[PDB]
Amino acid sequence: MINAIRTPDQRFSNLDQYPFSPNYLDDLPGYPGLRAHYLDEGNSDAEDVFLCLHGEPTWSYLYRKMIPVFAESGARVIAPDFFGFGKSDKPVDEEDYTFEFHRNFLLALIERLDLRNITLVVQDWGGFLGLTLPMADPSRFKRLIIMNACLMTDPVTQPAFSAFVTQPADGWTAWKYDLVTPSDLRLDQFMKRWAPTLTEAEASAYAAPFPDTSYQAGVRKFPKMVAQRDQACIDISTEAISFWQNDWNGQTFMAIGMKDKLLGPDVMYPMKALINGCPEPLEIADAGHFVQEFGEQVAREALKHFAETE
């Protein structure tokens, strides 16, 4: 079994702009005893479902500006927290966290809730994982909103998606050094550095899930998994490419956080070329890596784009 700890609800008591009522699932196939938290907003009987996937080191809090917009259009919004993150249970051992550990959780959740007509909404690890889900059951997915993300494939198949692991020094090397080498990891202080428009209250909401380092085994493992891609990760990621090029016939919307040192234009303009029918990217000039902090514009533009297409 997997040994996990749970964050005290008290830590989430007064989160700025997070009025969303909690939903949980403690009975997922392959994840016994592990309770997963997810948001389930908007009309539950909606034709469209926006599945919003977060990355590192965030949780569904990152979608708080986008969720109202999507919901007001008549849609259902599902925003799950990865194990190790947010209000989900947190495995204490880093080795329990793998690519398939998170990917199979997502497949398990989509089946349990039986989600169809999915507009996939992705960024960072939500992208790395999320972009390999449509091929597993393509009839469930109808659209994609891709923000600063790509696939964890091998450096030969796609050099773009590995070159940042090399450089620049103030880029990935800094991002990884800040997350895996501090024994005193203050996620609010980290997020104030990498998302410099965050208010003090917003930033502390990113530290809320982690009372102390014993809750951060999953926050440490994600950077390590980018650097050291395992065979299952490469095979699934490289097979996902062929899906996006050849099989994908759904509506796509892309938005780039232009100030992002790691997963900005040089990762995203390759990513565009691989997604069949991907239009011109909305380039948000003032946005860094966490484009969802400029998410009200992205959400509105995506709905406008999708509506003026079909």
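Residue positions are given as counts along the sequence shown, with the first one as 1.
Novice: Could you check the entry and say whether 84-92 or 159-167 has the higher mean CA B-factor?
Specialist: Mean C-alpha B-factor is greater for 159-167.
Novice: Compare the mean C-alpha B-factor of 271-279 with that of 238-246 as given in the PDB entry, and name the stretch with the higher value.
Specialist: On average, C-alpha B-factors are higher across 238-246.
Novice: Which listed residue, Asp188, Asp124, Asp178, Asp184, has the largest C-alpha temperature factor in the record?
Specialist: Of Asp188, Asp124, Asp178, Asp184, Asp184 has the highest C-alpha B-factor.
Novice: Going by what the PDB entry lists, where does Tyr97 fall on CA B-factor within its chain: lowest, middle or highest third?
Specialist: Its C-alpha B-factor, which the entry lists for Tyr97, ranks in the middle third among residues of this chain.
Novice: What third of its chain's C-alpha B-factors does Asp260 belong to: lowest, middle or highest?
Specialist: Ranked within chain, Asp260 CA B lands in the middle tercile.
Novice: Going by the recorded CA B-factors, say which third of the chain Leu62 sits in, lowest, middle or highest.
Specialist: Answer is lowest: the recorded C-alpha B-factor places it there.
Novice: How does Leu28 rank on Cα B-factor within its chain, lowest, middle or highest third?
Specialist: Top third by C-alpha B-factor.
Novice: Can you tell me which third, lowest, middle or highest, the CA B-factor of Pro196 falls into for its chain?
Specialist: Middle third.
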